[PDB]
Amino acid sequence: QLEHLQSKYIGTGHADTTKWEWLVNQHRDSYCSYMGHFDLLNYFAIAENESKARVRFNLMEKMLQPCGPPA
Amino acid sequence: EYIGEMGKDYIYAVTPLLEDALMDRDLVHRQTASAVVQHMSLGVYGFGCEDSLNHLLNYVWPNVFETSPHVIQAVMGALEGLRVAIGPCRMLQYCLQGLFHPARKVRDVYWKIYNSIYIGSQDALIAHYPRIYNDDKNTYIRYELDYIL
Amino acid sequence: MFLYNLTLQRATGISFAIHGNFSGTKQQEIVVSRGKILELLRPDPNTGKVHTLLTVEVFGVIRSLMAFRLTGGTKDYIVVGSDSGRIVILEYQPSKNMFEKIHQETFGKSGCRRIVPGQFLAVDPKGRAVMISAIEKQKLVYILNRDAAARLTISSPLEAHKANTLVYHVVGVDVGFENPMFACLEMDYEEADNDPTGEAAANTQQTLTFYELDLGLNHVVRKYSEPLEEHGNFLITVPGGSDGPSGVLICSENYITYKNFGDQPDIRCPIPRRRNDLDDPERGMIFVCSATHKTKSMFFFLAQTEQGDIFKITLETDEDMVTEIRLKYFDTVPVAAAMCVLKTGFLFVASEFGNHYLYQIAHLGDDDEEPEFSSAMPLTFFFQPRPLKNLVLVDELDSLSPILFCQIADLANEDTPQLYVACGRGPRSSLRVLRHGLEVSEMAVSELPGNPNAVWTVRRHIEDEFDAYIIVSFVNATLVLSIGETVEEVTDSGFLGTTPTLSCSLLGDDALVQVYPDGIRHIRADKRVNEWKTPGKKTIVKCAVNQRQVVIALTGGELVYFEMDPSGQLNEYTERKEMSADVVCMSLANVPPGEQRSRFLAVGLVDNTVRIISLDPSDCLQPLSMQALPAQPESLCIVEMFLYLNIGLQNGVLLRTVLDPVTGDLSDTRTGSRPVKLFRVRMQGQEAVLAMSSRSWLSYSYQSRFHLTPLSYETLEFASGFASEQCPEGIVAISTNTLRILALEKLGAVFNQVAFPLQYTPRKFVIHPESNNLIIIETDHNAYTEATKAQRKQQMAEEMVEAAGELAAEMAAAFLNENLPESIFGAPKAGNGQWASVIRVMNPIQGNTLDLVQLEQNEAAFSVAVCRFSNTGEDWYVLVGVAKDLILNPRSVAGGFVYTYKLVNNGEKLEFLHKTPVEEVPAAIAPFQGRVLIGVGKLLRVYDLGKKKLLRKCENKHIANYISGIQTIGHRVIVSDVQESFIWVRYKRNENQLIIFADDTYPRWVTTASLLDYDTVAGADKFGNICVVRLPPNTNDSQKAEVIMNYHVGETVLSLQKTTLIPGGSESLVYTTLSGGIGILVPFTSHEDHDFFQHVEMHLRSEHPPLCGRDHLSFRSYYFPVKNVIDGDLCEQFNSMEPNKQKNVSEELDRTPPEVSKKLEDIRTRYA
Amino acid sequence: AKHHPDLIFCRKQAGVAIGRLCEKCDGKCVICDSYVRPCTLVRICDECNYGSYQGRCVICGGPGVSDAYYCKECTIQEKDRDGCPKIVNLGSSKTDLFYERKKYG
RNA sequence: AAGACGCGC
RNA sequence: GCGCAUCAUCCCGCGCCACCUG
Ligand SMILES: [Zn+2]
Ligand SMILES: [Zn+2]
Ligand SMILES: [Zn+2]
């Protein structure tokens, strides 16, 4: 009966979790990992003629509601 | 379990025995085989012995559909060891087969296995995630990874 | 199949910065963190130069870094938050010159997780508590205290978790000896995901949450929740307490907001903009970095905008109420990730890209001629940018962090490969040529006819700062020169020597010794000359020069020992040395500081044997050791840091024998096979040795490591030193029939570079086969071309003329006459789908260009290559991939074009021939077998040259995703998919079809591929992984390839090549990363060496953990498990630990530290 | 712990103190009950260590004589970066054992 | 003599 | 009700967690 650690974690699905929740969790994890990794953030800031601060600001705003509105 | 990393040379000698034990004959045989696989996977981790570990997983995997708590625990331990040895990519590939199966029990077991995989070593699944085509109402494609320099 | 990982160049880009007194003294020091390297460096106020003092690798990703100190203390500690789920507090020990761990507390799992703390770190200004926060749902608070033993203590973490919330920034708030206070930009999103109407973006405002820390109750509680009008970016800590009022500044879009707890009214002030902005007015303006200066008299804040404008923020306040915020324009600097304002009027700017500068503040500009702004002014603001006035540039640090493309080739006349790197971003982009060796300075040229064998310099004083007498002696002539700030011939030398001078040194205060093959002379100011003639008709070969030791070597080995008594006269000992071999070279040891005579002394022979002569009177002029040599000795010298000797022979060798009567370590390397003479040089006021050969080499030892570096100059027959007030570090290294003076200004340890400025950032470039010219293509997103910029400027001029401001609008001529530099003031550009493209041909030797081609405003250049076709003759055609209407965030492209050029006149100019429309963007250009491969989206196409456009030949629609690079060899090609690892395609020429026969099973976002054999391909990863894939030998041409090697460098890799670096060496897999680091991979030549290296690595991992508490095996097995790779970073760091553990592991490996270090350096000196 | 599924862990934030083990549980691992390769120490939470609970065995609850440790496999499996590994339940077997011993003793 | 778990005649 | 099988499962003889008491 060691399911306490399963329930006490945020970001994992369960029996009747739909596709939208899984995809938004994936997008949030991807954004957080992008922010954590310096090399990928530098690559993104090199790809576009912008600054790292602006890139991370826009990425933070993208965390509000990814994958459109819920259905 | 005792020898640890030194026993990577003896992996090939026990593969036929593990294959014979993993056959659907006795539950205790399956539990013992799963324990052996988990212990060997933990021992030889980090030295590049995936060739036989993948073959062992190919026979260990069909044992997930069980009801006895002991064999479930043994199978979960074996799959956790195989995950920490091979990597989360192969585990995600295997668990993606029936994440949305029409039936309920297979969906439940696949979801619990996916949760167990996702709890540990989450930072690699982002690279191991597949590509999902977006619908006409929602966006499901990470366009940031398609940038080319 | 086992490779050894090395690192030739460390990472240079700076991600974080901090300053403080980390050594316990009044001297300020700067601690900056690289991508995965933590190093300490401090500037010198007297000269303005910056020198690194310590550099270590943490084997982890650093997400935060800041310093703090306890109340009443004098030392500042270091706190770093890594990807591992633990926090560590560091401390710098000046005596040990290393970081000492003081504490280590674990609070969660490792890795960059969403709900694991480590992203945000806050420290209380007074230095009593530290707060660590995560991206979502997690927050922890720790208590810092000092026990009765004056040691740091750590308390238990505090529960401060809030479900379903997002945190933007966390920073401490000064309270002034009250309970510590923390403020964060916490906001909720629970209702965002519960609304199906799509109103989540609307009616959702940020909140400024405040958190106490009650020491009495030992718990944390939320204080307020104030909604914000607009989204903020980051907060500023205002120095509170007795010096200034407590508060926080909020940076947002075009506004700055001041807020404080209690009854503090909000203050707003718009951010000033430039005059006649060339960017899009709809684009907002934000802040990228900020600094502070907590001066006791008055504090002020410095901030930088997106375009690099520096604003001096001055806060005007009453005793307890804030009145207004006064902004003022200070200067303009390149955009910097972090900025630190140092004491004693020094400012350090850690630029985001390119070199890092160190400005010096001279004038504070308090109420200058330029008007200042304030929040009390009703309604925007405009200011006119000006060149650098307040700041003065003093010193800058060279950097090459944003490398996008690297190629190595021998494009020069010398027989040494050169490293060409394409780095930089935007207008600051430049092309650098990395060359192995040392810096060469040229300031004096003197062509003197004759044969100058050597030059001797003797000072009139024992430690004279300026040279007095210079012995410019030729092979068949004699001359003397002197320097007195006017280079003129000296007359009172009084030498009277016709035969060439053997040697001249400083025997005493001004005692010069002249040796000629027909006797012995003496030079002195007083009438004290010990002139002696050569016995019989014999000759003298070599003489000994030292402070108080003189030994003359004649034919037959008859040595005469001269000892200088304090009286002054020279005396000969009763014992003489005689053998059957002559003496051709010998060296002497420096006099001990306390003793009047040393003991170590080595004299060579002709029979390939070297002996040791004791200077003690008990056994003077007696042999000590019988050490044979492979070749005839040529020179010898002693190098200090504790004592080492270098042995020179007839061939090119340099044995680094440890100080011992009998030979110990035998480590020699090639320096062909020219005679080598060893002489002392100057390097940061130290002692070193020099080797002369067909190419000269120099050896130096900085912090217990010896590096061999050559000189980037022609062959030199002799060299000497030079001391002066302006240039204390001077080298007089004459050459064949000429005189040359060298100097060592910078360190120049490895890869000296020259800066060749560009216009836009470079993507790819190629090298002409016979013309040896570089064709570089540049492209930027959201950019304006020259024609578009001119049209926009003209339109603005017409608009302001039509404004008709009183007819009196004559400012158009002045506005159009002056244009701000793009490199210094930035490039004013904007848009959403704008692009640029410039085709440039540049001569590698010089910085001049040959031709420039400009395309339309909405064309982006991606790939370029040069090849020939069978239908045409030997003309070298150039194909450039061009994209049309490319939008990045939403994937949608209208089309693409491909260009064709002739490149007539040995690649000096380009002529347009025709263009061919392409439905999608062209990915890469791959020419083979007289044709080219065109990457069109997910379709593979084969094109042939025609009369007006390219002709379609073959198609392949079996590729799923978009191609991102094609490589060809033999009769088969490989396709690198954006998601899939690799695709193997074989071209059936007879059938004229493309068939796929092999593919990989593990997807990966590959960026650069570099095949190693007919069936082995090595490719990089976007996340920073290096893998090698080998095709099974039983393949037929379904079949799947297998991976044989995996590794995680930790930084994105955009370059991969397998070419030799050092002449006479072996092939190595050199790679360059996006962070500015260069590394190579070394195969193992024996099983015993591989076993020893693996055992050493395992023992170091078990015994010496990384500084940030991250598992080395887990760090290397980040995305994929490590496979057949041995890390050399731990092996190199083994030389930095204290002796106890290294010796202990030495007997644990049944070996000894000296030969272990020798084996470690053998790989470095063999493959690099 | 592993053998008896009834026993559960408090799973609270780890503190600064170090747990202890009795003579019977001297070498047992706090999770998988193994006597192989003890590498890292065991941290206890503030609630589990207060007053009388100080110096008590983590697994059973006897007097503390030796420090607890984590095995090599547990460290590899990243299982030590979790909550407090102290059992708060008293175990079903112990109650029945004590009752029968008191009856027949 | 004891805490749990699963296996059919 | 029979025959079984698994968990280096228990086999420890009594323990002690703020208290009784005019
Ligand atoms: Zn116990
Ligand atoms: Zn606990
Ligand atoms: Zn364990």
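Chain D is numbered as in Swiss-Prot; the shown residues are, in order, 2-106.
Recorded method for this deposit: electron microscopy, 3.6 Å.
Quick reminder: no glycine exception, Cβ is built from N, Cα and C everywhere.
What Swiss-Prot says about this protein:
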| type | residues | note |
| --- | --- | --- |
| BINDING | D:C11, D:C46, D:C49, D:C85 | Zn(2+) 1 binding site |
| BINDING | D:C23, D:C26, D:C58, D:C61 | Zn(2+) 2 binding site |
| BINDING | D:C30, D:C33, D:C72, D:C75 | Zn(2+) 3 binding site |
| MOD_RES | D:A2 | N-acetylalanine |
| MOD_RES | D:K3 | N6-acetyllysine |
| REGION | D:35-51 | region 'Interaction with SF3B1 and SF3B3' |
| REGION | D:79-82 | region 'Interaction with SF3B3' |
| SITE | D:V17 | site 'Interaction with SF3B3' |
| SITE | D:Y100 | site 'Interaction with RNA' |
Shell list (Zn(2+) 3; ref centroid = CB of D:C30, D:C33, D:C72, D:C75; cutoff 8 A):
D:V31, D:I32, D:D34, D:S35, D:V37, D:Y71, D:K73, D:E74, D:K80
Near ligand 2, meaning Cβ under 6 Å from any of its atoms: which of the binding-site residues D:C11, D:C26, D:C33 fit that description?
D:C11
Would you say which of the binding-site residues D:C30, D:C61 has the most Cβ atoms within 10 Å of its own Cβ?
D:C30
Please report the distance from the Cα of D:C75 (Zn(2+) 3 binding site) to the Cα of D:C11 (Zn(2+) 1 binding site), rounded to the nearest angstrom.
18
Distance [Cα-Cα, Å, rounded] between D:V17 (site 'Interaction with SF3B3') and D:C49 (Zn(2+) 1 binding site):
12
When you measure from each Cβ to the nearest atom of ligand 1, which of the recorded positions D:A2, D:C58, D:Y100 fall under 6 angstroms?
D:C58
D:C23, D:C26, D:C58, D:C61 excluded, remaining Cβ within 8 Å of their centroid (Zn(2+) 2):
D:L22, D:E24, D:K25, D:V59, D:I60, D:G62, D:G63, D:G65
Roughly how many Å separate the Cα of D:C23 (Zn(2+) 2 binding site) from that of D:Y100 (site 'Interaction with RNA'), to the nearest whole number?
23
Using a 10 Å radius around its CB, how many other CB atoms surround D:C26 (Zn(2+) 2 binding site)?
21
Can you list which of the recorded positions D:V17, D:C61, D:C85 come closer than 8 Å to chain C, going by CB to CB distance?
D:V17
Please give me the recorded positions out of D:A2, D:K3, D:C30, D:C33, D:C46, D:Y100 that lie within 10 Å of D:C61 (Zn(2+) 2 binding site), comparing Cα atoms only.
D:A2
With a 10 Å radius around each C-beta, find which of these recorded positions (D:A2, D:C23) has the fewest other C-beta atoms nearby.
D:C23
For D:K3 (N6-acetyllysine): intrachain residues, at least 6 apart, with Cβ closer than 8 Å:
D:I32, D:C33, D:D34
Using the Cβ center of D:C11, D:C46, D:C49, D:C85 as the Zn(2+) 1 site position, which other residues in that chain lie within 8 Å, going by their Cβ?
D:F10, D:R12, D:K13, D:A15, D:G16, D:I45, D:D47, D:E48, D:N50, D:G84, D:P86, D:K87, D:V89
Tell me the Cβ contacts of D:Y100 (site 'Interaction with RNA') under 8 Å, same chain only and six or more apart in sequence, or just say none.
none
How far is it from D:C11 (Zn(2+) 1 binding site) to D:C26 (Zn(2+) 2 binding site), counting Cα to Cα, in Å?
19
